[PDB]
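Form deposited in one PDB entry, single chain, as structure tokens, below.
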């Protein structure tokens, strides 16, 4: 079986996806973590980018139409961006970056690079990412230049697939909307330049494609005794912590559950006392849980817990009073 078939079998088995395709309990968490990271690094982390959410009663058009409004209430001037999570019925994280046409090309390259680095910063092997520029044959009527980030999914024939497209649509969008709506959307310069209709650089990433890329790239099988493991970035892992009492003994449970409640205040935690500890470690590793917290009888007097890191499996026993902080620093976000 191919890598894709293996990962899909795992995803169905552990509830990442359910055959229908619908996202199961882990799939929703991974999807929302991906969306949160995209919004964080695109909207809230950038002063020149603000968000918007439009209705698609039956998508990027909803941004252009509201351009004027955004310029007024948000008090933004080019270069600046408007981001959105558009239900293209698959979701798509898209952004329209309005810039002076003179800089259009420079900005384009910027967003071609930044976006790529984004994926790399979340744990994707750069060797599994590449750039594919559309020739004039592909270039849409409005797009002067189009560059697709492509990920090595592992298909038959061509193993690469589009993951995100960054296009230079020029001034076609705003000009069309101005002509059709009878409203001037021009930012004619009165400061060291001439009149222009803002050019648009459009990064658009299919959320499903992003999740598939992260899931496939995180897969690993390392020894002997083989171990299937999703090496997710901590910010993307569906489950951040696993509170695993050493046994079902009624002494460990009342304290391990209190610790799990403390942790659930902040992160999504999974509590499991079923069976042997090694099986539970393998369970958590299969779904990329970055840390496991084990409570044993020695904790009833020593008042500590064993923290096991996913990839290395190295264990460190630390005071139960500090666990939260010890995890926060390591979980980020």
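Here, rigid core means the biggest group of C-alpha atoms that superpose within 1.5 Å across both forms. Numbering follows the first chain given and starts at 1.
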How many missing residues of the deposited sequence lie between residue 58 and residue 59 in the entry, grouped as none, 1 to 3, 4 to 9, or 10 or more? 10 or more
Residues with no coordinates between residue 20 and residue 21 in the deposited sequence, how many: none, 1 to 3, 4 to 9, or 10 or more? 10 or more
So 100 to 108 or 119 to 127, which one's hotter by mean CA B-factor in the entry? 100 to 108
Higher mean Cα B-factor in the deposited model: 202 to 210 or 134 to 142? 134 to 142
For the listed residues 152, 231, 255, 235, which one has the largest C-alpha B-factor as given in the deposited model? 255
Checking the entry, which one of 31, 264, 279, 40 has the top C-alpha B factor? 279
Here the Cα B-factor of residue 95, set against its chain, lands in the third termed lowest
Could you tell me which third, lowest, middle or highest, the C-alpha B-factor of residue 84 occupies within its chain? lowest
Third of the chain's Cα B-factor distribution that residue 304 belongs to, per the entry: highest
Relative to the other modelled residues in the chain, which third contains the C-alpha temperature factor of residue 275: lowest, middle or highest? highest
Cα B factor band for residue 259 (lowest, middle or highest third within the chain): highest
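The form deposited in another entry exists for this protein as well; it is not shown, and the discussion that follows is about that form.
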Displaced residue between this form and the one not shown, judged on C-alpha after the rigid core is fitted, out of 125, 189, 133, 258 (threshold 2 Å or more): 189
Examine residue 110 after superposing the rigid core and state whether its CA is displaced by 2 Å or more between this form and the one not shown. no
After a rigid core superposition, would you say the CA of residue 160 moves by 2 angstroms or more between this form and the one not shown, or not? no
Is it true that residue 142 shifts between this form and the one not shown by 2 Å or more at the Cα, once the core is aligned? yes
